[PDB]
Structures are given as structure tokens and as C-alpha cells.
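Notes follow the structure.
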Amino acid sequence: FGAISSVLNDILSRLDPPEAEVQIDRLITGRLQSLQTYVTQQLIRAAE
Amino acid sequence: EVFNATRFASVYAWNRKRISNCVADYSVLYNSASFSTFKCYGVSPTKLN
Amino acid sequence: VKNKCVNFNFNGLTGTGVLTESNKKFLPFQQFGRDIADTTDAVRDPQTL
Numbered sequence: 172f173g174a175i176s177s178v179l180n181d182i183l184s185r186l187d188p189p190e191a192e193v194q195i196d197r198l199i200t201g202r203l204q205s206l207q208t209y210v211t212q213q214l215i216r217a218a219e
Numbered sequence: 125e126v127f128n129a130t131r132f133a134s135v136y137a138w139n140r141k142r143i144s145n146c147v148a149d150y151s152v153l154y155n156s157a158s159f160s161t162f163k164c165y166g167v168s169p170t171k172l173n
Numbered sequence: 011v012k013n014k015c016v017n018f019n020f021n022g023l024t025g026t027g028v029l030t031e032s033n034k035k036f037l038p039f040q041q042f043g044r045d046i047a048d049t050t051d052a053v054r055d056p057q058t059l
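Chains as they are written, first to last, in our numbering: chain A, 172 to 219; chain B, 125 to 173; chain C, 11 to 59.
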């Protein structure tokens, strides 16, 4: 999702919080959007 | 042999040395006052150890 | 230490989980393995292979 790595442990163990915050925020945004999409699809299928 | 050497190559002919098969202590390098510039990109220096 | 949930730092690869003996076998060039979902599931001990 634009971050340096897709694993939170790598970012935590490689970067200090002040600069790792941006990568963690990008990962959070991407994963939150994916989860919201999944929940919406599940709601529609549950209605079906 | 790289930091405490006596010869440094020119800028357009910069000298590259490969480091492998050993253990590196970056903490002593970072905490020393001999260096007037120590900046790390993609990693933080304090975690290099 | 095996059969206990611990933090493991396997050759720079950090994580948390339970280490157990594996019936799975690695070819003698592979270091770690991934699941169908690409989550790490196996590792090779740097000191015991």
C-alpha cells in the first residue's frame, strides 16, 4: 500500500516511531479499506 | 581496514569493499564523537545493532 | 525452547509464536517457508540446521 514493507514487525524493528508512523499509517489505511470492503460484501451476501 | 585506512579513492572512482562473513558493531561507530556526520536512510542507526 | 509461546528472533526475522518440531522437510538451500496465504510457517535454525 506504498509502505516500505508489508510486515509491521520489520518496520517496528527497522525504524524509529517518528518515521515509522507514516508507514504504519499507510498500512492501517490499506488494511482498514480492505476490511470495510469485506464487511460490506458480507452484509450484502447475508441479506441474500 | 576501511574506516581506519590511509588511502581513499577519488569521487568518480569511489572504492567499494564487500563486507560479509563477520559480525559488525555499529553502536561503537555511532556513539563515537570522531564522526561529524552519521545519517541513516531506510533504517535507524540505533537499531542497526 | 519449544512448545511455548515465545518471542523468537530467528536470524533477524522477529516474531511471536510456538516453536515445534516439523515433519516438513526443507531442501538444503531453503531458509524459511510460507503458507498458501504467504504467512511464515517454518524456519531453519542458523546454529543447528
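We treat Cβ as the ideally placed atom computed from N, Cα and C, and that holds for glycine.
Alpha carbon to alpha carbon, how far is residue i from residue j?
| i | j | result |
| --- | --- | --- |
| residue 47 of chain C | residue 189 of chain A | 31 angstroms |
| residue 43 of chain C | residue 18 of chain C | 16 angstroms |
| residue 56 of chain C | residue 22 of chain C | 11 angstroms |
| residue 138 of chain B | residue 204 of chain A | 46 angstroms |
| residue 133 of chain B | residue 143 of chain B | 18 angstroms |
| residue 148 of chain B | residue 58 of chain C | 22 angstroms |
Would you give the residue range spanned by the beta strand (DSSP E) that residue i belongs to?
| i | result |
| --- | --- |
| residue 23 of chain C | 23-28 |
| residue 43 of chain C | 42-44 |
| residue 18 of chain C | 15-20 |
| residue 52 of chain C | 50-53 |
Does DSSP put residue i in a helix, a strand or coil?
| i | result |
| --- | --- |
| residue 147 of chain B | coil |
| residue 180 of chain A | helix |
| residue 100 of chain B | The requested residue 100 of chain B does not occur in the structure, where chain B is confined to residues 125 to 173. |
| residue 161 of chain B | coil |
| residue 34 of chain C | coil |
| residue 12 of chain C | coil |
| residue 169 of chain B | helix |
| residue 131 of chain B | coil |
| residue 140 of chain B | coil |
So the alpha helix (DSSP H) residue i belongs to, where does it begin and stop?
| i | result |
| --- | --- |
| residue 208 of chain A | 188-218 |
Report yes or no: is there a C-beta of chain E within less than 8 angstroms of the C-beta of residue i?
| i | result |
| --- | --- |
| residue 58 of chain C | Of the protein chains in the structure, A, B and C, none is chain E. |
To which residues of the same chain is residue i closer than 8 angstroms at the C-beta, ignoring the five residues directly before and after it?
| i | result |
| --- | --- |
| residue 164 of chain B | 172 |
| residue 15 of chain C | 26, 27, 28 |
| residue 50 of chain C | 23, 25, 42, 43, 44 |
| residue 154 of chain B | 162, 169, 170, 172 |
| residue 36 of chain C | 43, 52, 54 |
Once you ignore the five residues that flank residue i on each side, which residues in its own chain have a CB closer than 6 angstroms to its CB?
| i | result |
| --- | --- |
| residue 130 of chain B | none |
| residue 141 of chain B | 126 |
If you measure from the beta carbon of residue i to each beta carbon in chain B, is any gap under 8 angstroms?
| i | result |
| --- | --- |
| residue 186 of chain A | yes |
| residue 182 of chain A | no |
Against chain A, with Cβ distances strictly below 8 angstroms, would residue i count as a contact?
| i | result |
| --- | --- |
| residue 151 of chain B | no |
| residue 43 of chain C | no |
| residue 30 of chain C | no |
| residue 171 of chain B | yes |
| residue 27 of chain C | no |
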